[PDB]
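A.B. asks: My structure is below; once you've seen it, I'll send some questions.
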Amino acid sequence: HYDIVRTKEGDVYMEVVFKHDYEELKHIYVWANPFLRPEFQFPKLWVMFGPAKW
Amino acid sequence: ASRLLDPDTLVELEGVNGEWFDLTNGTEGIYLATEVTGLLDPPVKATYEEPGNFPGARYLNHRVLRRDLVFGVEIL
């Protein structure tokens, strides 16, 4: 968002607020099966075993 | 042309026991000293606002405040 502020003593300024690129991972969901329609989600959990980075 | 300024002004205190003092004639040994502040008009808080950028101010309120009297008495 951005604010345009006029204070009672007469200062006028703009403040612009930004969220870091990490925020993308909060607007991405891990589907139970990425490759299928949301109308049919099998297997019921996404489950993966391996080295943590991979 | 030529005159003496000699007012008929009488100042008395009636105390909380009904005891009286004449502060003009000092018949009880007590006189009002020089320099009294708080007789005549009571203090007033006038309230104005200066919002935005229009020239001058708006009146909002005025209130008569608590009157403070500062004086002294000369005790012989």
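A.B. asks: Would you pick out the residues in segment A:1-44 that are out of contact with any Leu (no Cβ under 8 Å at 6 or more places or on another chain), in a loop (DSSP other than H, G, I, E, B) and surrounded by 10 or more Cβ atoms within 10 Å (Cβ to Cβ)?
C.D. replies: A:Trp31, A:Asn33, A:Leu36, A:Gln41, listed by residue number.
A.B. asks: So, in segment B:31-59, of the ones that are of a type in the set (A, V, I, L, M) and either assigned to a loop (DSSP other than H, G, I, E, B) or within 14 Å of chain A (Cβ to nearest Cβ) (or both), which residue ends up nearest to the chain's Cα centre (by Cα)?
C.D. replies: Taking the candidates together, the pick is B:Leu39.
A.B. asks: For segment A:1-52, which residues satisfy the criterion of being among the β-branched types (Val, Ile, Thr) and away from chain B (no Cβ under 14 Å)?
C.D. replies: Matches in segment A:1-52: A:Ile4, A:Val5, A:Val16, A:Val17, A:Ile28, A:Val30, A:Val47.
Only the coordinates and a few stated rules stand behind these numbers; no lab work does. Please note: Cβ atoms are built from the backbone with ideal geometry, for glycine as well, and neighbour counts cover all protein chains shown.
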